[PDB]
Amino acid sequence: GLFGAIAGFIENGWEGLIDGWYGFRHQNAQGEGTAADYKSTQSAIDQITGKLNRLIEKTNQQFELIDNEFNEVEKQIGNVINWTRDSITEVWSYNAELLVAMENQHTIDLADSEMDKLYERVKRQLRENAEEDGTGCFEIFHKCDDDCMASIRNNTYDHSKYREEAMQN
């Protein structure tokens, strides 16, 4: 990964997050929780989708036979033809392999990128009212109830109205 997360200071993924790609998991008083961020999961999906539609591509360039499979053309012109054809095959096999590798690298990195964007944005919601665990978890110094959790997730958590309390702690 190019952005350090997703294998990662985050040590692994959750085979239970069947609801999305990226998500929040919280431990507090009222039990246990795990949700999905849509806006992150969507931006990544829409970016990957963009690649797909770009590569699943139709030529409008028609090609005809210059060869004959029932009655072989003259050897010399035949050999030039095959030589040419093979040359073009080399070029396309090369292009194809590179394209896919290049794309897979970038696909992976932007997936890593999106995680880091999510994290580094939650971190900014919770100024001094929390500190970094380092495994992608946030230690809360004012015991957020489940409503205080959804305040973070839905991106409305208050930036000062838990502050000096959580600052004391």
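In this text, residue numbers run from 1 along the sequence as written.
As recorded in the PDB entry, 33 to 41 is the stretch of 33 to 41 and 65 to 73 with the greater mean C-alpha temperature factor. Higher mean CA B-factor, judged across 4 to 12 and 159 to 167 from the recorded values: 159 to 167.
The PDB entry gives the largest Cα B-factor of the residues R54, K117, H142, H106 to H142. The deposited CA B-factor of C137 belongs to the highest third of values across its chain.
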